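Worksheet for the structure shown next.
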Amino acid sequence: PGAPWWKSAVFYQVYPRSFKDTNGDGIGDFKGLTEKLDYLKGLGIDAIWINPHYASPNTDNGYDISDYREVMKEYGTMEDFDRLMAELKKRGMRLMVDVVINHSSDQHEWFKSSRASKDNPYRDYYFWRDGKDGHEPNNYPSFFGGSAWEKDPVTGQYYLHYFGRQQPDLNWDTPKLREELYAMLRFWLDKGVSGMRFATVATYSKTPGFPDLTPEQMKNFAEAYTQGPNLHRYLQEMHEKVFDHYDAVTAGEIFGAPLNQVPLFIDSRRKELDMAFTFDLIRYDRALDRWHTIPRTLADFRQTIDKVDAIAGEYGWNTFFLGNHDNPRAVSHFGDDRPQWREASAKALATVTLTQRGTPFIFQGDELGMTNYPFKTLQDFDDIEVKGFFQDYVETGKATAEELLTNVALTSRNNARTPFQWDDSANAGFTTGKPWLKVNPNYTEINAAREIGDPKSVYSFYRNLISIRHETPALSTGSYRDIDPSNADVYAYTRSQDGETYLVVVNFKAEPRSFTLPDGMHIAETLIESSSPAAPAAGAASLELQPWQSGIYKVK
Ligand SMILES: O=C(CO)[C@@H](O)[C@H](O)[C@H](O)CO[C@H]1O[C@H](CO)[C@@H](O)[C@H](O)[C@H]1O
Ligand SMILES: [Ca+2]
C-alpha cells in the first residue's frame with residue numbers, strides 16, 4: 001500500500017499580508033502570491049498553507065473574521081482567490097487554508113444579532129453569562145489581556161472571549177451553530193481546497209457551568225481551555241458531516257494540550273484529524289508567561305522531538321516546523337544569527353527540518369535565512385498580544401516597559417512578519433509604497449534574488465535538500481531513532497524504511513566536534529553536507545565535524 005500525498009509532501013507557509021504587494025498599499029495580496037508561484041515551484045514546494053484570507057477588521061490580522069464566505073478586501077476579490085487556485089493547480093500544487101472557528105469577529109452578523117437581546121435567535125451562537133458577585137462570571141483570563149469576559153450594556157451580560165475582546169468565542173454546544181460551520185467548510189472545499197489548518201482546535205469545547213479555575217489551573221490556563229468534555233465529540237462529528245465526503249487533508253493547531261492527549265486528535269482510526277501542529281518543541285524554551293525565555297540545551301531540544309515522535313504511533317502523523325507567523329525566526333531562535341554563523345547555522349536547521357519524521361512546514365523567508373528584527377521603537381512591537389502583555393504586566397506594576405520589550409524583542413510575533421525580502425531594491429522589492437511593517441535592514445545581504453543565483457546560498461541548500469527528501473522515502477515516511485538523547489553537542493539520528501537506513505549528523509556547536517557511529521554501523525555514501533571540507537571515506541566509523549556542520553549519509 002502507498003502513503004497519503006501529505007505524508008511525503010513539503011509545505012510552505014505564506015503569510016499573505018507580508019509576502020508580496022502589487023498595488024503599493026504596503027500590504028501583501030493575492031496577486032502578489034500568484035506572481036510568485038514559479039519561485040515556490042522552483043524551490044520544490046508541493047503545497048501552500050496561507051494564513052486567514054477572509055473578510056476581517058484585522059484586529060488580529062485575519063484571525064478575527066467578519067464573513068467566512070468573503071475574501072479579505074486587502075488581499076483582493078473572490079476572483080483573485082480562484083485565479084490563485086487555478087495557477088496553483090496548473091503547477092500541480094495544492095492549497096491549504098486556515099480555519100478559524102473557535103471564535104469570530106465582533107463585527108460578524110451572527111454576533112451583531114446575538115448581542116441585540118436575550119431572545120434573539122442568534123443569542124446562543126456565543127456564550128452569554130450573568131456577572132457573579134458584582135464581577136465577571138468567573139476568573140477566566142484572556143490570552144490577549146485581562147478577563148476573558150466582556151460586559152455588554154445592551155443586555156447587561158458578559159460574553160466569553162479566550163483571545164481578543166473583539167473575538168468572541170463561538171458556542172459549539174449549539175447544534176444550529178455547528179451546522180452553519182459545516183456548511184461554511186463545504187463552501188470552500190467545493191471550490192477545490194486541498195487542506196485545512198484548524199487554529200486553536202483544542203479549545204472548541206467549553207466546560208459546562210463555567211466553574212472557577214483552581215489556583216493550579218489558573219497558572220496554566222492554556223491547558224485548562226483544552227479540557228472541554230465534548231471536544232472529540234465535535235471533531236468526530238465534523239469529520240462525519242464534512243471531511244468524510246472529501247479528500248482534503250486536515251491539520252490541527254493543538255495549542256495548550258499536553259502531549260499524551262495528541263493521539264486522540266490524530267489517530268486515523270478515530271476519524272478526527274490527519275496531522276497535528278504541536279508546540280512542545282517551538283516553545284521548549286519559553287516560560288509560562290509566554291514572553292520570558294528559559295535557557296535550554298540541545299539535549300532538551302532532541303528529547304522533546306523524541307517525545308513528540310512517540311505519540312505518532314502507527315496510525316498517527318506529525319507536522320514539523322521550526323517557525324511560523326507566531327514565533328521568532330528559526331535561525332535566531334535555534335541557530336546563531338551572528339553574521340559569521342548565520343548562513344552556516346541556517347543550513348544546519350534546514351537539514352534537521354527536512355530529515356524529520358513527519359510533514360515539514362517551511363515558513364516564508366527561512367529558506368533565505370531571514371532573521372529577527374532589531375526593534376528600536378514602541379511601534380515596532382505593535383501587536384495585539386503585546387498590548388495584552390502591557391495590560392497584564394506593565395499597567396499592573398509586575399514589570400517595567402523596558403523589561404517587557406527586552407524579552408519580547410526575542411519572542412515578538414513581529415519577528416516573523418517583516419516583509420519578505422525579494423531583492424535589494426527599495427523595501428526589498430516587497431512594495432513600491434510604505435510597508436505595513438518595516439523591512440529588516442539586512443535585506444541588502446539577505447534577499448531572494450542574490451540567493452537564487454548562488455549555488456552556495458541558503459536557498460540553494462534548501463532546494464537541494466527538498467530534492468533529496470523527495471527521492472528518498474526513508475526521509476519522509478521512514479522510522480525515527482535518536483542515537484544519543486543525552487548528547488548536547490551533536491544531533492544525530494537515523495531514518496529507516498524497507499531495509500534502507502540513513503544517518504543524519506548535525507553539529508550545534510560553533511566548535512569542531514567528533515561523532516562515533518553505533519557499533520556495527522558504517523558510512524556507505526554521502527548524500528549532502530553543509531560547512532564540510534570533505535565527505536567521509538566509504539566505510540568510516542566516525543566523523544570529523546566542522547563548526548555547525550550538517551550532513552545526510554546512507555549507512556551499512
Ligand atoms: O498569539 C499567540 C502566539 O504568540 C498565542 O497566544 C496563540 O494563543 C496561539 O498561538 C494560537 O494561534 C492562532 O490563534 C490566534 C487567533 O486569535 C492568532 O492570534 C494566531 O495568530 C493564530 O496563529
Ligand atoms: Ca496590496
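Each residue takes its place number in the sequence, starting with 1.
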Salt-bridge contact [X]-[Y] (side-chain N to carboxylate O under 4.0 Å):
X: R83; Y: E87; value: no
X: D484; Y: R302; value: no
X: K387; Y: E385; value: no

Check whether the ring centres of [X] and [Y] lie less than 6.0 Å apart, and answer yes or no.
X: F363; Y: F361; answer: no
X: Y63; Y: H325; answer: yes
X: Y443; Y: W422; answer: no
X: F381; Y: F375; answer: yes
X: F19; Y: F420; answer: yes
X: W6; Y: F11; answer: no
X: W548; Y: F508; answer: yes
X: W49; Y: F321; answer: no

Worked verdict on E35 versus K20 for salt bridge (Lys or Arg N to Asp or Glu O under 4.0 Å): CA-CA 9 Å; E35 292 178 11; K20 192 57 176 62; 5.1 Å; no
Without swapping roles, check the side chain of [X] against the backbone of [Y] for a donor-acceptor pair under 3.5 Å.
X: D366; Y: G369; result: no
X: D454; Y: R450; result: no
X: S460; Y: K456; result: no
X: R283; Y: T278; result: no
X: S457; Y: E451; result: yes
X: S496; Y: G478; result: no
X: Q549; Y: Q546; result: yes
X: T351; Y: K347; result: yes
X: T418; Y: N415; result: no
X: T526; Y: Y553; result: no

Donor-acceptor side-chain pairing of [X] and [Y] below 3.5 angstrom:
X: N372; Y: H333; answer: no
X: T319; Y: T359; answer: no
X: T59; Y: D64; answer: yes
X: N327; Y: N324; answer: yes
X: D482; Y: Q303; answer: no
X: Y502; Y: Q497; answer: no
X: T200; Y: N102; answer: no
X: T371; Y: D337; answer: no

Interatomic distance, [X] atom [atom1] to [Y] atom [atom2] [nearest 0.5 angstrom]:
X: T477; Y: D498; atom1: OG1; atom2: CG; value: 8.0 Å
X: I48; Y: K36; atom1: CD1; atom2: NZ; value: 13.5 Å
X: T432; Y: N23; atom1: OG1; atom2: CG; value: 8.0 Å
X: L88; Y: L33; atom1: CG; atom2: CG; value: 7.0 Å

Please work out whether the ring planes of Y493 and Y491 are parallel, tilted or perpendicular, with thresholds of 30° and 60°.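 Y493 vs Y491 ring planes: tilted.
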Think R17 forms a cation-pi with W436, using NZ or CZ under 6.0 Å from the six-ring centre and within 45 degrees of its axis?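 Yes, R17 sits over the ring of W436.
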With salt bridge (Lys or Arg N to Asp or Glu O under 4.0 Å) as the test, pick out the partner of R417 among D382, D326, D380.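 So the option named by the test is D326.
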State which residue, out of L281, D280, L259, fulfils the side-chain contact (heavy atoms from CB on, under 4.5 Å) condition with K307.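 Going through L281, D280, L259 one by one, the side-chain contact (heavy atoms from CB on, under 4.5 Å) with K307 is satisfied by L259 alone.
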CA sep, side-chain torsions, deciding dist, call: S345, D336, side chain to side chain donor-acceptor pair (under 3.5 Å): CA-CA 6 Å; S345 62; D336 190 324; 5.9 Å; no
Apply the test salt bridge (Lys or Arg N to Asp or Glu O under 4.0 Å) to residues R413 and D60: give CA-CA distance (whole Å), side-chain angles for both, the deciding distance (0.1 Å), then the verdict. CA-CA 12 Å; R413 310 198 296 183; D60 194 15; 3.1 Å; yes
### Task
May I ask you to check whether over 12 heavy atoms, not counting those of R463, lie within 6.0 Å of atom CZ?
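Check fails, neighbour count at 12 or below.
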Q340 CD: over 12 foreign heavy atoms closer than 6.0 Å: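 Yes, enclosed.
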Can you name the nearest heavy-atom pair linking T431 to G24, along with the distance?
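Heavy-atom minimum between the residues: OG1-CA, 3.9 Å.
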Practice prompt. For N447 and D423, work out which heavy atoms get closest and say how close.
Written response: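 In this case the closest contact between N447 and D423 is CB-O, 3.3 Å.
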Can you check salt bridge (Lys or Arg N to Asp or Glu O under 4.0 Å) on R197 and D98, steps first, answer last? CA-CA 5 Å; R197 183 265 199 180; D98 217 307; 3.2 Å; yes
